[PDB]
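Next up: a single chain in structure tokens, the form deposited in one PDB entry.
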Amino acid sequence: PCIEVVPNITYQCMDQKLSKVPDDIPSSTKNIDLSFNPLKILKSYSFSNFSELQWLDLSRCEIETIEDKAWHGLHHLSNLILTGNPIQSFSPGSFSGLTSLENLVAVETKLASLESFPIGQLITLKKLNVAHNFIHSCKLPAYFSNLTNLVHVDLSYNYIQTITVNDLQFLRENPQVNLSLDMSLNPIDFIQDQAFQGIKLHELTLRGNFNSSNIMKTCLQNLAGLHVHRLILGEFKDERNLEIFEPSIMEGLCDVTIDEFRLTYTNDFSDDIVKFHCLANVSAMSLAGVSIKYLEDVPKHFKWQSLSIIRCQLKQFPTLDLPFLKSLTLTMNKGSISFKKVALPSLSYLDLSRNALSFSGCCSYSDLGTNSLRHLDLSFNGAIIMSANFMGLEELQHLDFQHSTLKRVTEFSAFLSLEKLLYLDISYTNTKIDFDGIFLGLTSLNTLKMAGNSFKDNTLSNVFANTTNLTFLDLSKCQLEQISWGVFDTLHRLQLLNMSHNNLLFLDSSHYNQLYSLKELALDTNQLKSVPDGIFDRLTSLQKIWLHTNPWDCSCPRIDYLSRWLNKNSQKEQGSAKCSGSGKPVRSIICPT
């Protein structure tokens, strides 16, 4: 019947035209997806035998009737999902039976309100999702009091038009309650004078509600008296969508206190709106999908501590000088922009990945204006011209150039000044290493990822001699034919060594003698025809090794050692190394004593 994605644990009974539940199913299982099967009713004791289930999913199972005590046997269930069953009404004690439930999903269950909804029994409930229903009210029921653990209610795609004082009354009784509300896709028009007095919410989500500005504007005015940790505001390209969007609608926001404001897609847009003054005292501004083209008019008194811009449309790089900005993110721009200097003394985290960012003159204090930068990510951009060795940025501990075009990096010791750095990714930067001195400076470094690159004469050279602390080294896909004599002598702490997908023609035993600490060694997909006798004998701590996809010459006596070593050590070999010609396993070959 079902698919056994995981032997005796997880199953996949989706779309099995299953009239009933099946009985031949194991009882050990912690998961089953039963979606899309015509179950029609949910029987009393329909799953009573099964009783260790954490995840049960009955989406689109045509269910019309939850008989009292249906779930009765499932006391370890944390997630029940009922999306898209026409269960018009839920009987009192329809659930009662489920002791450990944390997530109830009742999306699109033809539901009319919360008050009748028989869930006051569920102490350990954390999230309730009742979006896409027929609810016309935002009234937080009285039974919430009982539901100690509930922190997210989702009232999306409903029919709510009004938020009253009385609706949210439950919360004035309870200022010692953590809760977030998603109210998106509701045609709210009228939010009552002083309806948000004396109430806390964690995150409020209002997108694709408002049809007109003065409706939106009025509504935001009566948000007055509110503490949100996080306010998400916007609309969707497929919706009720505003005629005009001005910063003047933001008025009213000056009354509400906000920690983290978050603007999303909006049809009409002017830049000035993020410069708007009521957004001044926010502790984390953030922008997604936004038509914003420039960002500079930024008062230095704005108290923001982290700015995020994601998938916006910036045409020119921000010039910024926020004294308190501690964490900037500007990622996935549409414009292929070029970096301009900034001044951000508080800045400790910088992600500028995934823009097509160019960057003349990387990099040093002057560029950013901080002595406390610890995470710098310039991955997936364009031309990054290394002109300066990070002087004045010696606090950096994480550095990412993946898929970016580093330039001049082979001309000089560009990381000289990075004495404290721990993670360096220069993979797929297209660097062809000319220069033994490329990694000088990097004495604390633990992880070095540089796959996709290349080496002069295709020879692995002596670039690691001042990187003693390396514990992870990825040199896969580097077109290496050979390794110079000295090259791993210093790498006593290295655990993982990747050199798969290269063109290695041979090994020297001397390259592994001092890798005392090596748990994993990948030499797969190379051109190795053979291995010096005993080469792996002193890799004491080795757990995994990959040797497959190499044309091993399996003639005896040449293959004596390797064939015996694998047979002695099968538990460690990942994949299966084969003989050229015959394709026979290498572990299986035996030689004539």
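Here the rigid core means the biggest group of C-alpha atoms that line up within 1.5 Å when the two forms are laid on top of each other. One rule holds for the numbers: they count along the sequence shown, beginning at 1.
What comes next is about the form deposited in another entry, which is not displayed.
Novice: Looking at 155, 362, 328, 494, which has a Cα shift of 2 angstroms or more between the shown form and the other one when the rigid core is held fixed?
Specialist: Correct option: 494.
Novice: Using the rigid core as the reference frame, would you say residue 211 shifts its C-alpha by 2 Å or more between the shown form and the other one?
Specialist: No, the C-alpha moves less than 2 Å.
Novice: Could you check, with the core superposed, whether the Cα atom of residue 506 shifts 2 Å or more between the shown form and the other one?
Specialist: Yes.
Novice: Using the core for the fit, does the CA position of residue 476 change by 2 Å or more between the shown form and the other one?
Specialist: True for residue 476: a C-alpha shift of 2 Å or more.
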